[PDB]
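Reviewing the structure listed below.
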Amino acid sequence: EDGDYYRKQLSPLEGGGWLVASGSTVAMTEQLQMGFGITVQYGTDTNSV
Amino acid sequence: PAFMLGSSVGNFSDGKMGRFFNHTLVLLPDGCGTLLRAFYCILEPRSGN
Amino acid sequence: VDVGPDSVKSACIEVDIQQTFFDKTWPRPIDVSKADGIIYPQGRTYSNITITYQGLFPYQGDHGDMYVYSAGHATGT
Ligand SMILES: *[C@@H]1O[C@H](CO)[C@@H](O[C@@H]2O[C@H](CO)[C@@H](O)[C@H](O)[C@H]2NC(C)=O)[C@H](O)[C@H]1NC(C)=O
Ligand SMILES: *[C@@H]1O[C@H](CO)[C@@H](O)[C@H](O)[C@H]1NC(C)=O
């Protein structure tokens, strides 16, 4: 649900403290919409895709 | 040598350091050094002696 | 998910701590002129030329984190 608050604990060596966050939601329509992200790489390996 | 890789650290049930969480990369040589077994999977502690 | 054969009874055998014996000095600093532990360029190569390159490398001559393993306790066979 919207306004949800989440949290978790942290190990002592990483500086202590508790990690906290808040989340929000968007409802569905009849048809589902999604997001795509394209990134291409040139010199990592042999040019082969 | 056999390696463990992870982004989350912690202490064990008796507080001993070495406990990790969530997905973890495990490297294990085997086959008298001929094989290089590896997996990015979930490790779960055992509750025995 | 993948195929993994399952384990047996969960009595883990006894484990010691003898790091005092493990404390031995075999320091081997790395020699860049000897060119050991030197990454290659990821996708290209050259031949018979000197070239400056920016990337990932170790410092010259570090003592590092030399650890070892050894056999356990044994009484004959
Ligand atoms: C690699 O390149 C070097 C120089 O860039 C070449 O070395 C020269 O070789 C000639 C012929 O043997 C000599 O007359 C020069 O004095 C050398 N120059 C030096 C040593 O600076 C070398 O021959 C090349 N290697 C190959 C296989 O062609
Ligand atoms: C060895 O382990 C892998 C991964 O758990 C498994 O896929 C394979 O079947 C095992 N082989 C034998 C002989 O148990």
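Scheme for the structure tokens: letters A, B, ... for chains in order shown; per-chain residue numbers from 1; ligand numbers from 1 in order shown.
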
(request) From chain B, collect each residue whose DSSP state is strand (DSSP E or B) and return the set as an MDAnalysis selection string. (result) chainID B and resid 3:5 11 17 23:30 35:42

Counting only C-alpha atoms, what is within 12 Å of range 22-38 of chain C, bar same-chain residues fewer than 6 positions away, as a CSV table (one decimal) with C-alpha atoms, in the first residue's frame?
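Saved as selection.csv:
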```
chain,number,residue,atom,x,y,z
C,53,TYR,CA,47.3,2.5,-20.6
C,55,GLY,CA,43.0,0.9,-16.1
C,56,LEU,CA,43.0,-1.4,-13.1
C,57,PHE,CA,46.3,-2.4,-11.6
C,58,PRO,CA,48.0,-3.3,-8.3
C,59,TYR,CA,50.6,-1.1,-6.5
C,60,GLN,CA,54.3,-1.9,-6.9
C,61,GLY,CA,55.6,-4.4,-4.4
C,62,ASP,CA,52.9,-5.0,-1.9
C,63,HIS,CA,53.2,-7.7,0.8
C,64,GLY,CA,49.5,-8.5,0.3
C,65,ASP,CA,47.4,-11.0,2.2
C,66,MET,CA,49.3,-14.3,2.0
C,67,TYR,CA,47.3,-17.0,3.7
C,68,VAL,CA,47.6,-20.8,3.4
C,69,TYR,CA,45.8,-23.9,4.3
C,70,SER,CA,47.4,-27.2,5.6
C,71,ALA,CA,46.5,-30.8,6.6
```

Write as a PDB file with C-alpha atoms, in the first residue's frame the residues around ligand 2, taking 10 Å as the cut-off and counting only C-alpha atoms and all ligand atoms.
```pdb
ATOM      1  CA  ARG B  37      32.926 -25.025  -9.268  1.00  0.00           C
ATOM      2  CA  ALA B  38      31.146 -21.727  -8.698  1.00  0.00           C
ATOM      3  CA  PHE B  39      27.646 -20.517  -7.925  1.00  0.00           C
TER       4      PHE B  39
ATOM      5  CA  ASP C   2      19.249 -25.829 -10.636  1.00  0.00           C
ATOM      6  CA  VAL C   3      19.990 -29.409  -9.634  1.00  0.00           C
ATOM      7  CA  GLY C   4      21.707 -29.844  -6.288  1.00  0.00           C
ATOM      8  CA  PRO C   5      22.109 -33.176  -4.476  1.00  0.00           C
ATOM      9  CA  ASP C   6      21.059 -32.940  -0.834  1.00  0.00           C
TER      10      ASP C   6
END
```

(message) Based on only C-alpha atoms, which of the residues in chain C come within 10 Å of chain A? I want them as a list in words.
(response) residues 41, 42, 43 and 44 of chain C

Same residues, C-alpha atoms, saved as a CSV table (one decimal), in the first residue's frame:
```
chain,number,residue,atom,x,y,z
C,41,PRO,CA,43.4,-4.9,-22.0
C,42,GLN,CA,39.8,-6.2,-22.2
C,43,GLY,CA,39.2,-6.2,-26.0
C,44,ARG,CA,42.3,-5.1,-27.9
```

Using only C-alpha atoms, find each residue of chain B with at least one atom at most 12 Å away from an atom of chain C; report its shortest atom-to-atom pair and that distance in Å (one decimal), sort the rows by chain and rising residue number, and return the result as JSON lines.
```
{"residue": "B:1", "atom": "CA", "partner": "C:69", "partner_atom": "CA", "distance": 8.7}
{"residue": "B:2", "atom": "CA", "partner": "C:69", "partner_atom": "CA", "distance": 10.5}
{"residue": "B:39", "atom": "CA", "partner": "C:2", "partner_atom": "CA", "distance": 10.3}
{"residue": "B:40", "atom": "CA", "partner": "C:1", "partner_atom": "CA", "distance": 11.0}
{"residue": "B:41", "atom": "CA", "partner": "C:1", "partner_atom": "CA", "distance": 9.1}
{"residue": "B:42", "atom": "CA", "partner": "C:1", "partner_atom": "CA", "distance": 10.8}
{"residue": "B:45", "atom": "CA", "partner": "C:10", "partner_atom": "CA", "distance": 10.4}
{"residue": "B:46", "atom": "CA", "partner": "C:10", "partner_atom": "CA", "distance": 6.9}
{"residue": "B:47", "atom": "CA", "partner": "C:10", "partner_atom": "CA", "distance": 7.4}
{"residue": "B:48", "atom": "CA", "partner": "C:11", "partner_atom": "CA", "distance": 5.3}
{"residue": "B:49", "atom": "CA", "partner": "C:11", "partner_atom": "CA", "distance": 5.0}
```

(message) Select, as a list in words, those residues of chain B with any atom no more than 12 Å from chain A (distances computed using only C-alpha atoms).
(response) residues 7, 8, 9, 10, 11, 12, 15, 17, 18, 19, 20 and 21 of chain B

(request) Output the neighbourhood of ligand 1 as an NGL selection string, that is, all protein and nucleic acid residues with some atom at most 12 Å from the ligand, counting only C-alpha atoms and all ligand atoms. (result) :C and (46-51)

Exercise: residue 9 in chain A partners within 9 Å, only C-alpha atoms, chain neighbours under 5 positions left out, as a CSV table (one decimal) with N, CA and C atoms, in the first residue's frame:
```
chain,number,residue,atom,x,y,z
A,16,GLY,N,27.1,1.0,11.8
A,16,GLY,CA,25.9,0.9,12.7
A,16,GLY,C,24.7,1.5,12.1
A,17,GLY,N,23.7,1.9,12.9
A,17,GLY,CA,22.5,2.5,12.5
A,17,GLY,C,21.5,1.6,11.8
A,18,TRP,N,20.3,2.1,11.6
A,18,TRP,CA,19.2,1.3,11.0
A,18,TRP,C,18.9,1.9,9.6
A,19,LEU,N,18.8,1.1,8.6
A,19,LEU,CA,18.4,1.6,7.3
A,19,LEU,C,16.9,1.7,7.1
A,20,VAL,N,16.4,2.9,6.8
A,20,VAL,CA,15.0,3.1,6.7
A,20,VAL,C,14.6,3.7,5.3
```

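Backbone DSSP assigns helix (DSSP H, G or I) in chain C to residues 19, 20, 21 and 22 of chain C.
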
Write out, as a PDB file, in the first residue's frame, the residues just selected, with C-alpha atoms.
```
ATOM      1  CA  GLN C  19      46.670 -19.077  13.766  1.00  0.00           C
ATOM      2  CA  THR C  20      49.806 -18.759  15.930  1.00  0.00           C
ATOM      3  CA  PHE C  21      51.308 -21.652  13.979  1.00  0.00           C
ATOM      4  CA  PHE C  22      49.908 -20.090  10.786  1.00  0.00           C
TER       5      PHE C  22
END
```

(message) Need to verify the contact set: residue 22 in chain A, 7 Å, only C-alpha atoms, exclusion of same-chain residues closer than 4 positions in sequence. Can you return it as a VMD selection string?
(response) chain A and resid 3 to 6
